[PDB]
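The chain that follows stands alone, in the form deposited in one PDB entry, written as structure tokens.
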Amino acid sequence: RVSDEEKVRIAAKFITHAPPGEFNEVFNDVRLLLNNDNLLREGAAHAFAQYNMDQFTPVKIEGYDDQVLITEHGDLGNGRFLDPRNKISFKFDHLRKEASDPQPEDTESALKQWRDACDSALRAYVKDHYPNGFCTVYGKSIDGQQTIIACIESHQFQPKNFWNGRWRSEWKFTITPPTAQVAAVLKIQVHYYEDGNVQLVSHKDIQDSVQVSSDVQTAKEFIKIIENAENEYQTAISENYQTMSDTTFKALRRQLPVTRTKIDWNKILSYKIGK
């Protein structure tokens, strides 16, 4: 018998896997399917948090002009997140759209030097390539090693026309002078659902070895790595679209029969070699 614990985990998986801009619909579906609000509240908060986090949910703090990215890296752990740019503390309410009642966050200021350079250096990259994009660079110490984590998010939601899309890119820069190592993952998800369910799910994992110089210098070196890698990724995607449409798709079903005219069903229902 499927225990209530198993049903809760199932409900949680569905909820955290909602496509971009459709969280509520999926949540309401699961809620009515689970049909047990007591069980639903067991993992709700955790579900909401995980979703917004892996979705790089762009949020606007009470009044900073702050579009900041909700990610794990910014998860304080107490129910609050970090805004490395404006550098405050903000409590994110998961149900409601807003996240308010901030707290100043005087920093460690150790890796911040790099952090602050990359951040607004990337902030330029984003404004140049993402129509409705936002970025958040994290300066942090990961078990001794210093790392810069730049997160980029971009989306377009048009539910009235039955479609939504979102871009997510995460670059981990681990410094080990003279030359450092790079690790990233690019992600794209598109959903079209008017009388159907079509989705583009794609992601690319990349690892690079980069030479580390100055502060404003290594930064521009990075924004360059990213720019080239993401342009290459996007390029490979438009190409794939081209082949799928002019080669793969046509190899599946013809537009017209080999006979080159619509089918003569009376002929199919009788016409024989002999018996």
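Counting begins at 1, following the sequence as shown. Definition used throughout: the rigid core is the maximal C-alpha set that superposes within 1.5 Å between two forms.
Once the rigid core is lined up, would you tell me whether 61 to 69 or 211 to 219 has the higher RMS CA deviation in 8 other deposited structures of this protein? When 61 to 69 and 211 to 219 are compared in 8 other deposited structures of this protein, the bigger C-alpha shift is seen for 61 to 69.
When the core is superposed, where do the C-alphas shift more in 8 other deposited structures of this protein: in 149 to 157 or in 76 to 84? Checking 149 to 157 against 76 to 84 in 8 other deposited structures of this protein, I find the farther stretch is 76 to 84.
Comparing 33 to 41 with 212 to 220, which stretch shows the greater average C-alpha B-factor in the deposited entry? The recorded data point to 212 to 220.
Would you tell me which stretch averages the higher CA B-factor in the PDB entry, 81 to 89 or 184 to 192? The recorded data point to 81 to 89.
Whose CA atom has the top B-factor in the entry, of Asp54, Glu227, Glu62, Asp246? Of the candidates given, the C-alpha B-factor peaks at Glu62.
From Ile175, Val201, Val137, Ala124, residue of greatest CA B-factor: Comparing C-alpha B-factors across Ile175, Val201, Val137, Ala124, the top value belongs to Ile175.
Place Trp114 in the lowest, middle or highest third of its chain's C-alpha B-factors, as listed in the PDB entry. CA B-factor rank for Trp114: highest third.
If you rank the chain by CA B-factor, which third does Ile273 end up in: lowest, middle or highest? For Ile273, the deposited C-alpha B-factor lands in the highest third.
For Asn28, return the chain-relative third of its C-alpha B-factor as stated in the PDB record: lowest, middle or highest. It falls in the bottom third of the chain.
Would you check the entry's CA temperature factor for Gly144 and let me know if it's in the chain's lowest, middle or highest third? Within its chain, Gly144 is a highest-third residue by C-alpha B-factor, going by the deposited values.
Looking at the entry's B-factor column for C-alpha atoms only, identify whether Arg166 ranks in the lowest, middle or highest third of its chain. Ranked within chain, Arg166 CA B lands in the lowest tercile.
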